[PDB]
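Participant: What shape does this take:
(2 chains)
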Amino acid sequence: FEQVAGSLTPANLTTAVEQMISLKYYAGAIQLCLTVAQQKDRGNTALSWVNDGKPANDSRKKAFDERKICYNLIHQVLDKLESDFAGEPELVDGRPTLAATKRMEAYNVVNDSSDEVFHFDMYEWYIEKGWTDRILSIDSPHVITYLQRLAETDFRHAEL
Amino acid sequence: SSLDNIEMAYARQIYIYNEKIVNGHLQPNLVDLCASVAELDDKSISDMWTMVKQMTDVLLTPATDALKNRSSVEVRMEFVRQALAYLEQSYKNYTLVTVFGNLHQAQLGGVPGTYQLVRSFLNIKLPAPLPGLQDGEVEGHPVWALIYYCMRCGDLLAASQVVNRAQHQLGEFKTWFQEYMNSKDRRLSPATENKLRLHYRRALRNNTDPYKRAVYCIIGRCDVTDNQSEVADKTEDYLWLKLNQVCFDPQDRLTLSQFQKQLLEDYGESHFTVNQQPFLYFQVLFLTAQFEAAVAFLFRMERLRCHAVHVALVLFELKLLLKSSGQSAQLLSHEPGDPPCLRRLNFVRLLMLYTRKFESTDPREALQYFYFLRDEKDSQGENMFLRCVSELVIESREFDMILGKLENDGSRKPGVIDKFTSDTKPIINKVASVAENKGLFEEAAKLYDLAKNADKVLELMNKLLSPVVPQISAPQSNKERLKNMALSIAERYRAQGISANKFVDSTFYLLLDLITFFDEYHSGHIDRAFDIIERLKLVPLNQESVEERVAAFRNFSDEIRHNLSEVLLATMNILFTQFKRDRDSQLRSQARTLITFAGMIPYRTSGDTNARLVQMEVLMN
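Facilitator: Residues are numbered from 1 along each chain as shown, chains lettered A, B, ... in the order given. Below, you will see the structure:
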């Protein structure tokens, strides 16, 4: 799939991710989505379109939309992950379970990315789901700088 | 079924937890899903999960590595507090059942205040006054006994109330205790902590009031070697006594690393399992953050395998279990490049053992446990969950149930694995691949056909047909049972417009025509059978076609050249019969053609065949 990432259609990507999610292949699913996002836009037309305020009537929107379809599918993966392992312990008899390792392996792939539009989309997503747990614990300024632009705009963001 | 009542109930709970993650839902609390079955068993197991929940209910850093959370002094500190809160509450329940005969009995009358409970606890456990007590009594009980068992139950407030009614007797202990209750982490300031320790060490190192001794070095975390055996006679009283004495950054000091290592290294299982009570040791390891040790240990008790696997899963779905990178290691080990005080669990092996028991006749449940291995691979790159499904299908031979039965009408009823991944093309080939390597062609075809891999289906179907081409098709024979499946594959491959490369495909439909040629030949329908062979343009009948037909034989599949001998003879015997019934010249000419073709073709049994062909042509004339 990764070899033909740039050519994958939203219908084929969705079905693939769903099938991988059903087989507990969370990390893998996420890695495909990121790869597809980066291949449908190697010039980062999306990053500049967001850095320019998203001017309507511009034709980078398409490039941004094709990445947003990948990012949404990543949300579903992480969602289904916490769902599948709801009630499962992170440790058994001392060492980590298999359900725990898949959580770490998945979230690794996430924090191991250099896609910037992606990390913006994830900050917004964490805020949405209410995970002040993880967002306030990033450390990075990148998230501060991102908030500094969106603060005078929304109460919830300003509070963060 | 190989699953006991308890194990079965757990399987159902693990199916839910999987159904939730397979449909993307909320990640439910696994620890809660496991304690749901525990209540169906004796309280020996319920009180375990209670400890598991409270020991794992620590604020974590989601999406963080397992080793990092367990090495951080931040998390290691909260473990001690969660355990102390369990030992205190656990002891508080012991104090209730000691005063009231049943927890229900205590509840109906109302749980009394921790102070009045403790007082009603001292009445029983010391009916007569011990002559070595000090500092008088308070409302009919020694002041130090009340303070200890109140702190033991975890109600510092109840203990401080006792102090307030003995201000004159206790001396300066009031200002010290009031600081302990205020300061967090159950520690005093170094200055005041120094003032009391030196006082105790000065002239109270050996006091006739054991309760006084206990409280002082529980508040000052001193005299770590003295186990205060006068008051802490139970094992939980020891754990609780020490976890209130551990310290964090040289003399008369103990740390969690020393204590946790000191316990199992010097006083291993042998010391804590002489009373043949397994949970006692488990609680010692689990309430000291040594989760891998406790898991492996409890996993060896053949009666408690179920429980130890799940407490491992909980630690695994919480990024708290320390998995062993290498799969060739033992169940319990310490990585060479890690500190000696932590241990690692070979989680892959752990599940592999548990599964082998009920994987033979309970496949569905096995898969639910194999899923947790989805995030891991092996040295060869295969996905551990996928490989476990391959091995489980090769052994169990449960194809319709696990892989989905592809009926002969063109339907694919999904299997149990379809729930976990939608990309089922590789394993169906993996399972089909081995069964192909074991000469089980008739199965490898059904399996390859299940994955719509016509390149392999038709290949194998060519091998199964060639031997049976000239044979007699009789009811229930191996010809009917193979021809009828080949035709059920011809329709479904035409109605769906599927085909392999023309080499494999051409041969497959060619054999099907020949199988019809002999089925008509063996039935006596000579005219009808002659017409079929004529269409195929395989055997020349007019001298002009000999050159081209001979060249074609060179590049036709050997599954066809094999049966050339029987084709020539049947065709000859066909002309042979029609002769005994101008036309005579035409048959005579065709008879000749077959001979010259066979003469120029090197093939199977060309000796006996070429001779018989010539004899049958002579009788015609």
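
Participant: Please enumerate the strands of chain A.
Facilitator: A:90-92, A:95-96 (DSSP state E).

Participant: Looking at the ones you listed, spot the one closest to chain B.
Facilitator: Nearest to chain B among these is strand A:90-92 (1.1 Å), distances taken as C-beta to the nearest C-beta. C-betas here are computed from N, CA, C, even on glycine.

Participant: need the strands for chain B, in chain order.
Facilitator: Under DSSP E, chain B gives strands at B:137-138, B:141-142, B:246-247, B:254-255, B:332-333, B:344-345.

Participant: Packed most tightly, which of these would that be?
Facilitator: Mean neighbour count, computed with mean count of other C-beta atoms under 10 Å in any protein chain shown, is highest for strand B:344-345 among the strands of chain B, reaching a mean of 28.

Participant: tally of neighbours for residue A:108?
Facilitator: Using other C-beta atoms under 10 Å in any protein chain shown, residue A:108 has 16 other residues around it.

Participant: if we can go back for a sec, let's have the strands of chain B in TSV, adding distance to residue B:377.
Facilitator: Output for the strands of chain B, formatted as TSV (distance: least, C-beta to C-beta, whole Å):
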stretch	distance to residue B:377
strand B:137-138	65
strand B:141-142	64
strand B:246-247	39
strand B:254-255	38
strand B:332-333	20
strand B:344-345	18
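
Participant: and of the ones you listed, who's closest to chain A?
Facilitator: With C-beta to the nearest C-beta, the closest approach to chain A among the strands of chain B belongs to strand B:344-345: 2.7 Å.

Participant: chain center to the closest one, what's the gap?
Facilitator: Relative to the mean C-alpha coordinate of its chain, strand B:344-345 is positioned 16 Å out (C-alpha atoms, centre = their mean, to the nearest Å).

Participant: what sits up against it?
Facilitator: Residues outside strand B:344-345 that contact it (C-beta atoms under 8 Å, 6 or more residues apart in numbering or on different chains): A:93-96, B:292, B:295-296, B:312, B:321-324, B:329, B:331-335, B:338.

Participant: Does residue B:183 touch residue B:189 like I think?
Facilitator: Yes - if you go by C-beta atoms under 8 Å, residue B:183 and residue B:189 touch, sitting 7.0 Å apart.

Participant: one step back: make a ChimeraX selection of the buried ones in the contacts of strand B:344-345.
Facilitator: Selection of buried members from those for ChimeraX, criterion 16 or more other C-beta atoms under 10 Å in any protein chain shown:
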select /A:93,94,95,96 /B:292,295,296,312,321,322,323,324,329,331,332,333,334,335
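
Participant: Tell me how many other residues crowd the closest residue in space to residue B:156 that isn't next to it in sequence.
Facilitator: Spatial nearest neighbour of residue B:156, excluding adjacent residues (C-beta to C-beta, 6 or more residues apart in numbering or on different chains): residue B:181 at 4.8 Å. One way to gauge burial is a neighbour count; for residue B:181, by other C-beta under 10 Å, it gives 14.

Participant: So which residues of chain A form helices?
Facilitator: In chain A, the helices defined using DSSP state H lie at A:10-22, A:26-39, A:45-50, A:61-84, A:98-111, A:116-129, A:132-135, A:142-150, A:155-159.

Participant: I'd like the distance between the residue of chain A positioned farthest from its centre and residue B:442.
Facilitator: Most distant from the centre of chain A: residue A:93, at 32.5 Å, with distances by C-alpha atoms, centre = their mean. For residue A:93, the distance to residue B:442 (C-beta to C-beta, to the nearest Å) stands at 46 Å.

Participant: can you list contacts of stretch B:205-221?
Facilitator: Here stretch B:205-221 has contacts from B:132-135, B:142, B:144-145, B:147-148, B:151, B:176-177, B:180, B:187-188, B:193, B:196-197, B:200, B:204, B:222-223, B:226, B:228, B:230-232, B:241, B:244-247, B:253, using C-beta under 8 Å, 6+ apart.

Participant: Please indicate which of those are buried?
Facilitator: B:133, B:135, B:142, B:144-145, B:147-148, B:151, B:176-177, B:180, B:187-188, B:193, B:196-197, B:200, B:222-223, B:228, B:231-232, B:241, B:244-246.
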